[PDB]
Amino acid sequence: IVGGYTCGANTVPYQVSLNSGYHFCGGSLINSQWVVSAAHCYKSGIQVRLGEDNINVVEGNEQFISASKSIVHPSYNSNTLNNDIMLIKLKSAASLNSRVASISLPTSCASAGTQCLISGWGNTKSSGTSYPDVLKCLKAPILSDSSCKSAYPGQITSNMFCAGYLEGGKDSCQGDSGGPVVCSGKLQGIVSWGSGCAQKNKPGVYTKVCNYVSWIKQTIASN
Ligand SMILES: NC[C@H]1CC[C@H](C(=O)O)CC1
Ligand SMILES: [Ca+2]
């Protein structure tokens, strides 16, 4: 997260870290057994880390649970990142508490201009590299579809939206992939892709979760 702030320990209790020897992506807990992340975060051997603040220090509220299965969206296209969504099942149910909590799925899509919270352990520098260790947060609005498509002509599908600031300075960044965009208490986005971080006219692009709620619910119910 570039241009954000330190969330505060466990203030985003649905935020998870995906770990394969090291943190490599975010995700969002949607019930005690299931996490939603980006399909481009897929790999084998994932451990889901819940209740994290400092990802380099055991602080006492963590739960580390291996994934038993991953399900990439059937229509995911790795070249264009269309349908950049994946479900991860936990081998044992998380113990839900005030610091480890699920986020509700959308009942409808959110409007342009709605303010959202984006969070993650990614790079905090728009030029160069610095990783923060504690969870960073950013308040950012959903941008109009026309401004999104103007920023990335030929690349935005109906399964994507932009959020952030066309003037730059505040954005998601490397290592935030797969993490949440929450608006009005619902998981509306997944950190998906962009061009650089916090550059003018290059906002972050997010998977449009509201298009996937039926697939999420049916997939969880059958797996
Ligand atoms: N600034 C958006 C940001 C989205 C994730 C991406 C990635 O890490 O794959 C990097 C760019
Ligand atoms: Ca920790």
# chains A, B, ... in the order shown; residues from 1 in each chain; ligands from 1
call {"tool": "residues_near_ligand", "arguments": {"ligand": "ligand 1", "cutoff": "6 Å", "atoms": "only C-alpha atoms and all ligand atoms", "output": "ChimeraX atom specification"}}
result
/A:171-175,177,191-197,204
call {"tool": "residues_near_ligand", "arguments": {"ligand": "ligand 2", "cutoff": "10 Å", "atoms": "only C-alpha atoms and all ligand atoms", "output": "count of residues only"}}
result
19
call {"tool": "closest_residue", "arguments": {"among": "A:123, A:188, A:19, A:102", "to": "residue A:142", "atoms": "only C-alpha atoms"}}
result
A:188
call {"tool": "select_by_dssp", "arguments": {"residues": "chain A", "states": "strand (DSSP E)", "output": "PyMOL selection string"}}
result
chain A and resi 5-6+15-19+23-31+34-37+47-50+63-72+86-90+115-120+136-141+160-163+180-183+186-193+204-208
call {"tool": "closest_residue", "arguments": {"among": "A:217, A:74, A:146, A:190", "to": "residue A:41", "atoms": "only C-alpha atoms"}}
result
A:190
call {"tool": "select_by_dssp", "arguments": {"residues": "stretch 39-213 of chain A", "states": "helix (DSSP H, G or I)", "output": "NGL selection string"}}
result
:A and (39-41 or 145-151 or 209-213)
call {"tool": "closest_residue", "arguments": {"among": "A:38, A:223, A:33, A:5", "to": "residue A:139", "atoms": "only C-alpha atoms"}}
result
A:5
call {"tool": "atom_distance", "arguments": {"atom1": "atom CA of residue A:157", "atom2": "atom CA of residue A:113"}}
result
19.0 Å
call {"tool": "residues_around", "arguments": {"residues": "stretch 103-110 of chain A", "least_positions_apart": "2", "cutoff": "9 Å", "atoms": "only C-alpha atoms", "output": "JSON, numbers by chain"}}
result
{"A": [13, 14, 15, 28, 29, 30, 31, 101, 112, 113, 114, 142, 182, 183, 184, 185, 186, 187, 188, 208, 209, 210, 211, 213]}
call {"tool": "write_last_selection", "arguments": {"atoms": "N, CA and C atoms", "output": "compact mmCIF listing (two decimals), in the first residue's frame"}}
result
# COMPACT_ATOMS: atom_id res chain seq x y z
N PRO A 13 -9.98 -7.67 10.60
CA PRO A 13 -9.84 -9.06 11.06
C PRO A 13 -10.12 -10.11 10.00
N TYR A 14 -10.66 -9.73 8.85
CA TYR A 14 -10.85 -10.63 7.71
C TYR A 14 -9.63 -10.69 6.80
N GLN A 15 -8.61 -9.85 7.01
CA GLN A 15 -7.42 -9.87 6.18
C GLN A 15 -6.56 -11.07 6.54
N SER A 28 -9.01 -12.79 1.85
CA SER A 28 -10.10 -12.37 2.72
C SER A 28 -10.84 -13.59 3.23
N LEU A 29 -11.02 -13.68 4.55
CA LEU A 29 -11.80 -14.76 5.14
C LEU A 29 -13.28 -14.51 4.91
N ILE A 30 -13.98 -15.46 4.30
CA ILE A 30 -15.41 -15.29 4.05
C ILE A 30 -16.29 -16.22 4.88
N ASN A 31 -15.75 -17.30 5.42
CA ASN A 31 -16.37 -18.02 6.53
C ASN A 31 -15.26 -18.80 7.21
N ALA A 101 -12.09 -12.82 11.70
CA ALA A 101 -13.51 -12.66 11.43
C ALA A 101 -13.73 -12.66 9.93
N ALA A 112 -19.84 3.76 -8.32
CA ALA A 112 -18.71 4.68 -8.40
C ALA A 112 -18.87 5.75 -7.33
N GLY A 113 -17.75 6.14 -6.74
CA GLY A 113 -17.73 7.13 -5.68
C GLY A 113 -17.86 6.56 -4.29
N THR A 114 -18.27 5.31 -4.15
CA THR A 114 -18.34 4.70 -2.83
C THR A 114 -16.92 4.56 -2.29
N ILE A 142 -14.22 4.02 -5.39
CA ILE A 142 -14.40 3.37 -6.67
C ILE A 142 -14.45 4.44 -7.74
N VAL A 182 -12.98 -3.44 0.64
CA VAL A 182 -14.24 -3.54 1.38
C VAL A 182 -14.94 -2.19 1.31
N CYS A 183 -16.21 -2.21 0.95
CA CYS A 183 -17.00 -1.00 0.80
C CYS A 183 -18.34 -1.24 1.47
N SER A 184 -18.71 -0.35 2.39
CA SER A 184 -19.99 -0.50 3.09
C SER A 184 -20.16 -1.89 3.69
N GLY A 185 -19.07 -2.44 4.23
CA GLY A 185 -19.11 -3.71 4.94
C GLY A 185 -19.16 -4.95 4.08
N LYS A 186 -18.93 -4.82 2.78
CA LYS A 186 -18.98 -5.95 1.85
C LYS A 186 -17.68 -6.01 1.08
N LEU A 187 -17.24 -7.24 0.79
CA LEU A 187 -16.04 -7.47 -0.02
C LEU A 187 -16.40 -7.23 -1.48
N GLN A 188 -16.10 -6.03 -1.99
CA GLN A 188 -16.42 -5.72 -3.38
C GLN A 188 -15.26 -5.94 -4.34
N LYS A 208 -14.04 -7.67 -9.71
CA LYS A 208 -15.37 -7.20 -9.31
C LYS A 208 -16.14 -8.35 -8.67
N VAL A 209 -16.00 -8.46 -7.35
CA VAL A 209 -16.50 -9.61 -6.60
C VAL A 209 -18.01 -9.79 -6.76
N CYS A 210 -18.76 -8.69 -6.88
CA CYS A 210 -20.22 -8.83 -6.95
C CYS A 210 -20.67 -9.67 -8.13
N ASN A 211 -19.84 -9.81 -9.17
CA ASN A 211 -20.19 -10.67 -10.29
C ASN A 211 -20.00 -12.15 -9.98
N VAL A 213 -20.65 -13.76 -6.77
CA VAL A 213 -21.23 -14.25 -5.52
C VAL A 213 -21.92 -15.60 -5.71
call {"tool": "closest_residue", "arguments": {"among": "A:70, A:119, A:222, A:127", "to": "residue A:36", "atoms": "only C-alpha atoms"}}
result
A:70
call {"tool": "decode", "arguments": {"residues": "stretch 104-171 of chain A", "atoms": "C-alpha atoms", "output": "PDB file, in the first residue's frame"}}
result
ATOM      1  CA  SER A 104     -19.696 -10.477   4.093  1.00  0.00           C
ATOM      2  CA  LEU A 105     -20.128 -10.939   0.366  1.00  0.00           C
ATOM      3  CA  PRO A 106     -21.947  -8.305  -1.716  1.00  0.00           C
ATOM      4  CA  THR A 107     -25.677  -8.488  -2.268  1.00  0.00           C
ATOM      5  CA  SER A 108     -25.279  -6.067  -5.234  1.00  0.00           C
ATOM      6  CA  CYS A 109     -22.458  -4.158  -6.915  1.00  0.00           C
ATOM      7  CA  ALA A 110     -21.193  -0.932  -5.410  1.00  0.00           C
ATOM      8  CA  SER A 111     -21.456   2.450  -7.098  1.00  0.00           C
ATOM      9  CA  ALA A 112     -18.713   4.676  -8.399  1.00  0.00           C
ATOM     10  CA  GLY A 113     -17.727   7.127  -5.681  1.00  0.00           C
ATOM     11  CA  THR A 114     -18.336   4.698  -2.829  1.00  0.00           C
ATOM     12  CA  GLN A 115     -15.452   4.786  -0.380  1.00  0.00           C
ATOM     13  CA  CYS A 116     -13.639   1.518   0.268  1.00  0.00           C
ATOM     14  CA  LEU A 117     -10.867   0.197   2.507  1.00  0.00           C
ATOM     15  CA  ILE A 118      -7.941  -1.514   0.749  1.00  0.00           C
ATOM     16  CA  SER A 119      -5.351  -3.260   2.910  1.00  0.00           C
ATOM     17  CA  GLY A 120      -2.196  -5.336   2.672  1.00  0.00           C
ATOM     18  CA  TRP A 121       1.464  -5.926   3.444  1.00  0.00           C
ATOM     19  CA  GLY A 122       2.735  -4.831   0.041  1.00  0.00           C
ATOM     20  CA  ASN A 123       5.351  -2.306  -1.012  1.00  0.00           C
ATOM     21  CA  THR A 124       4.836   1.213   0.362  1.00  0.00           C
ATOM     22  CA  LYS A 125       7.022   3.050  -2.183  1.00  0.00           C
ATOM     23  CA  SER A 126       5.839   4.330  -5.573  1.00  0.00           C
ATOM     24  CA  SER A 127       9.460   4.254  -6.785  1.00  0.00           C
ATOM     25  CA  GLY A 128      11.716   1.676  -5.172  1.00  0.00           C
ATOM     26  CA  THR A 129      10.967  -1.002  -2.610  1.00  0.00           C
ATOM     27  CA  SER A 130      10.128  -0.994   1.098  1.00  0.00           C
ATOM     28  CA  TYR A 131       7.946  -3.619   2.734  1.00  0.00           C
ATOM     29  CA  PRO A 132       6.175  -2.593   5.995  1.00  0.00           C
ATOM     30  CA  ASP A 133       5.746  -5.797   8.052  1.00  0.00           C
ATOM     31  CA  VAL A 134       2.628  -4.399   9.787  1.00  0.00           C
ATOM     32  CA  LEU A 135      -0.676  -4.168   7.919  1.00  0.00           C
ATOM     33  CA  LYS A 136      -1.290  -0.981   5.924  1.00  0.00           C
ATOM     34  CA  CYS A 137      -4.676   0.507   5.076  1.00  0.00           C
ATOM     35  CA  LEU A 138      -5.941   2.928   2.427  1.00  0.00           C
ATOM     36  CA  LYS A 139      -9.315   4.626   2.014  1.00  0.00           C
ATOM     37  CA  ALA A 140     -10.058   4.966  -1.681  1.00  0.00           C
ATOM     38  CA  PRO A 141     -13.153   5.519  -3.858  1.00  0.00           C
ATOM     39  CA  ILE A 142     -14.404   3.366  -6.672  1.00  0.00           C
ATOM     40  CA  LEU A 143     -13.680   5.183  -9.918  1.00  0.00           C
ATOM     41  CA  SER A 144     -16.055   5.490 -12.849  1.00  0.00           C
ATOM     42  CA  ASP A 145     -15.850   2.710 -15.410  1.00  0.00           C
ATOM     43  CA  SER A 146     -15.053   5.310 -18.099  1.00  0.00           C
ATOM     44  CA  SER A 147     -12.060   6.678 -16.196  1.00  0.00           C
ATOM     45  CA  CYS A 148     -10.876   3.090 -15.610  1.00  0.00           C
ATOM     46  CA  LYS A 149     -11.167   2.127 -19.288  1.00  0.00           C
ATOM     47  CA  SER A 150      -9.512   5.410 -20.327  1.00  0.00           C
ATOM     48  CA  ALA A 151      -6.544   4.586 -18.090  1.00  0.00           C
ATOM     49  CA  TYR A 152      -6.206   1.056 -19.527  1.00  0.00           C
ATOM     50  CA  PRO A 153      -7.730   1.034 -23.017  1.00  0.00           C
ATOM     51  CA  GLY A 154      -8.499  -2.441 -24.275  1.00  0.00           C
ATOM     52  CA  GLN A 155      -7.761  -4.108 -20.918  1.00  0.00           C
ATOM     53  CA  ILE A 156     -10.785  -3.558 -18.621  1.00  0.00           C
ATOM     54  CA  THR A 157     -13.605  -6.107 -18.663  1.00  0.00           C
ATOM     55  CA  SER A 158     -16.952  -6.095 -16.900  1.00  0.00           C
ATOM     56  CA  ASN A 159     -15.258  -8.203 -14.196  1.00  0.00           C
ATOM     57  CA  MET A 160     -12.883  -5.406 -13.202  1.00  0.00           C
ATOM     58  CA  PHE A 161     -13.110  -1.981 -11.600  1.00  0.00           C
ATOM     59  CA  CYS A 162     -10.648   0.734 -10.740  1.00  0.00           C
ATOM     60  CA  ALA A 163     -10.314   2.377  -7.344  1.00  0.00           C
ATOM     61  CA  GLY A 164      -7.983   5.030  -6.014  1.00  0.00           C
ATOM     62  CA  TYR A 165      -6.880   8.441  -7.218  1.00  0.00           C
ATOM     63  CA  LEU A 166      -6.164   9.525 -10.779  1.00  0.00           C
ATOM     64  CA  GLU A 167      -3.724  12.125  -9.404  1.00  0.00           C
ATOM     65  CA  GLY A 168      -1.605   9.276  -8.006  1.00  0.00           C
ATOM     66  CA  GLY A 169       0.077   9.095  -4.628  1.00  0.00           C
ATOM     67  CA  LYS A 170      -2.220   6.486  -3.016  1.00  0.00           C
ATOM     68  CA  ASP A 171      -2.620   2.938  -4.363  1.00  0.00           C
TER      69      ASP A 171
END
